[PDB]
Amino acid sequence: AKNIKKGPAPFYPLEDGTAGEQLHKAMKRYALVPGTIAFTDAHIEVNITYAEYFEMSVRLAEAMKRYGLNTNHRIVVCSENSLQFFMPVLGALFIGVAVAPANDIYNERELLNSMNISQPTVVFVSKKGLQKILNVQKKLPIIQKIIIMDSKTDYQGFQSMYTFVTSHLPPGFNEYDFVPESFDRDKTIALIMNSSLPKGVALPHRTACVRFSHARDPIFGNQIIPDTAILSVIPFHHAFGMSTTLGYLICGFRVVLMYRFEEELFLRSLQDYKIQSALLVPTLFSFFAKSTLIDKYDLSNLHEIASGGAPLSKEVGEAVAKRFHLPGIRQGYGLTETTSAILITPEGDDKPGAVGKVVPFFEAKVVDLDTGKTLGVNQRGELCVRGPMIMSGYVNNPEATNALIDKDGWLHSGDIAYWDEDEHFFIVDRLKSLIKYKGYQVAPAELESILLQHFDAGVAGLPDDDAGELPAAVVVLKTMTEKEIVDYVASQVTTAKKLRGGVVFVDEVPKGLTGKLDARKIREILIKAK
């Protein structure tokens, strides 16, 4: 148990009450300070204050309570990042209604699969997504009501959130006398998120409360300080975006949002909102690996860039940190099933390449794939974590649940990792993404992070008769041909991790979610081509 990595005591303590109660308390305090901005749409340059956000969320909460939504119900929220997004989230948390964010770029099949699991009584949806909701709806009689989020009037026959609250809110309603519901926070679901074919990740209120400790933690999150502005290009429906933003709201920060990344706007927004901290995913670290515009703008307020969701190249990360004049890139490692990051780069405890250290209340260990024994320092194995932020289980799928989490409460991440003498953790890859040329493992990240100098590519395992797999790549180019690339690699690495059967040229590398690589799509581009 010298081989169990334990998070320290928190620097900001766990708070009583439901996630809702805590979000209510914080945002009521912030609402009472004039001019405090909750969100900012960088695109249309519009702000919404904590006072506004608070009142509308509360109205929405009460409106829902009167409509009959109780702890036994579920709503989905289906939208791109927007000013309205968190209104029905907050409303639903205040009164103990589970929120099921659904990915706003699902096709209809993916969308139907999700909602078929979350079984929502009410659907909050953006104009951009209404149509897809309408198509899948016939196969989901559970849905009783559709409500448009980003319109003020009724829209195509459906009530807006504003016409909806109108319908049920008394005229004698005072928001500041509203009291959030109280209930058991271990037993009551705050969130149902997707991970993916798809599963519903159920997250008790308690996991969010724990998140709010981390979020407010000055060492593992951000210290509450007035006039803090953050720029986030993370999808609010993903655990990354949902858990950071809710954290930022508990912290009274200004969340500057964007529903789509664009290099110029991003950069100008950092400058003009005096952004102290920006959230990215590694996929975007290319745009600053090319740079050019970044030195125009004034980024002298930026203290921090945080990445998560996918492996960040060590060189790329070091490289991009320099260009923003930052000591390093802050990192967070998490799973939808752990609610948020459980490995985080602690302030003033860096290490290039590491994803950080065990968060407060948590424990981590690396285990042997064959016997499950706990491994020691620098020993690669499967990353396991346990703590009060781990989901209560998959929705209506107890088999997958027991498959993921054991008696001792250890979650098996499917990631290969190790920790060093300083208790820093390093992610190697998904166990599934590793390639075995003889009996010898090859990690994709290792071959990708030697290609990036010669634009962008994705290494995968080209199956075989008698080797099992052969390291292969899928690449995005002014000119250099296959044999010239294979031979280039063969001059760079050792015997067994050569591209012994690689290279296929493509438009763009099949990336997904929060800038992660599709092992599948790449491993079929290659199989199709041979």
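In case it trips you up, residue 1 is the first one in the sequence shown, and so on.
Unmodelled residues of the deposited sequence between residue 378 and residue 379: none, the chain being continuous.
In the deposited sequence, the stretch from residue 454 to residue 455 hides 1 to 3 residues that have no coordinates.
Between 306-314 and 438-446, the higher mean Cα B-factor belongs to 438-446.
Averaged over CA atoms, B-factors in the entry run higher in 290-298 than in the other of 131-139 and 290-298. Within the selection 33, 69, 61, 496, the deposited Cα B-factor values reach their highest point at 496. Comparing the C-alpha B-factors of 485, 56, 38, 46 in the entry, the top value falls on 485. In this PDB entry, the Cα temperature factor of residue 424 sits in the bottom third of its chain's modelled residues, the lowest group. In the PDB entry, residue 22 places in the lowest third of its chain by CA B-factor. Ranked by Cα temperature factor within the chain, residue 262 sits in the highest third according to the deposited record.
For residue 105, the recorded CA B-factor ranks within the middle third of the chain. Only modelled residues enter the ranking. When the modelled residues of the chain are ordered by their C-alpha B factor, residue 195 lands in the highest third.
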